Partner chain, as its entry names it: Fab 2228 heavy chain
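What follows is a single chain, given as structure tokens, in the form deposited without the partner chain.
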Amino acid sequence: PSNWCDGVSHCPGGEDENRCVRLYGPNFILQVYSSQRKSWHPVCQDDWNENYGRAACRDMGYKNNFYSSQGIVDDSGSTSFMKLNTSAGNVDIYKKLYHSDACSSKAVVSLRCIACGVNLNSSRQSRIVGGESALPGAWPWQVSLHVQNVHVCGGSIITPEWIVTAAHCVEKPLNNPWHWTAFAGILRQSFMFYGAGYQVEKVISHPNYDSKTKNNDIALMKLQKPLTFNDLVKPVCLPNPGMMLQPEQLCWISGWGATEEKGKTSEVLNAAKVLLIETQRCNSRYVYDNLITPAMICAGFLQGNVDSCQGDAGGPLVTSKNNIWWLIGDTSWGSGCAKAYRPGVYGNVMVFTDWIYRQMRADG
């Protein structure tokens, strides 16, 4: 896992560095790490068929899932592109790639390994503090995780088999997957009782997670049975490095958290709009006194009244961009609820995107 994509070859064959693959941009432009130049370069559309996309998604920790793949005009400004060749008789794509100045079709590959980031149309949903009721189907990735059939922390899905949440909920002695039980696609907490559970087969925690500063707070729950996708349950695409996330950008938070501090959890799932807070704005002596690690995100309003609470932990921090939702943050902790000068503090998924894939491939 941790030996993957580090610049040092571990196995004698060198598959660790030759098969380093990731996506890029909101339009999902594929990149392949070049060991000769220690840089990421996109791939050409020329002489490419979907059988190679199968292997690409397989090595990207997505197994056999493959939604669609088409060629798009290049936008990252890269000077070099990987070029495939059909003369080689081998079945491995990465030995078929070589550097070229440009592609003949003047296009790069847009790879979609899973149909994510799409939900049913919803008009009015601001159910977190100071708002109105919500509607089903707008947040199908949001799931609830239960211990002894009561809610503890929320969760969001990215694949039919994996659920991501916060590590402080899975802290000792709750590091046993037998105690956890997940429910998917149910809005009312009074309905997730009879046979709607999805048991977690193994819990995954961050190796460098530290509870004193609550940094590197990430956790991955894996189910035995893959989730059957329909209108009420859909995944959310994992965000890619290279998106210009503007300040103040309108984001959405969700969860079963309380409507006030120290209060009871909400009966129905709540979701309301919040805004980004820049990290250099948050890690000053003023907001949290250098408490924000680069793997942490501050979101919400400094004026308060719209913020996460207890029970909102494990919820998704999502934004809309090119009609695709992106899971950029995970609710780690919050100093108070709906209060000024102490907004919601979220864990940075973007730093741990590669770590998620490292755990995905080794547990496939």
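Positions refer to the first chain, counted from 1.
The discussion below concerns the form deposited with the partner chain bound, not included here.
Pick from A196, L275, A107, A102: which residue has any heavy atom within 4.5 angstroms of the partner chain in the bound PDB entry? Partner contact (heavy atom, 4.5 Å) among the options: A196.
Considering non-hydrogen atoms and a 4.5 Å limit, which listed residue (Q246, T228, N208, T79) is close to the partner chain in the bound PDB entry? Contact check passes for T228.
Although the partner isn't part of this model, could you tell me whether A115 comes within 4.5 Å of the partner chain in the bound PDB entry, counting any heavy atom of the residue? No.
Residue-level contact is defined here as any heavy atom of the residue lying within 4.5 Å of the partner chain in the bound PDB entry; does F191 satisfy this criterion? Yes, contact at 4.5 Å.
Is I186 close to the partner chain in the bound PDB entry, meaning a heavy atom pair under 4.5 Å apart or at it? Taking the distances in the bound PDB entry, the answer for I186 is yes, it comes within 4.5 Å of the partner chain.
Just to confirm, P136 within 4.5 Å of the partner chain in the bound PDB entry by heavy atoms? Residue-level check for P136: yes, a contact with the partner chain.
Looking at the partner chain in the bound PDB entry, do all three of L120, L232 and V268 come within 4.5 Å of it through at least one heavy atom? Spot residues vs the partner chain: full contact, yes.
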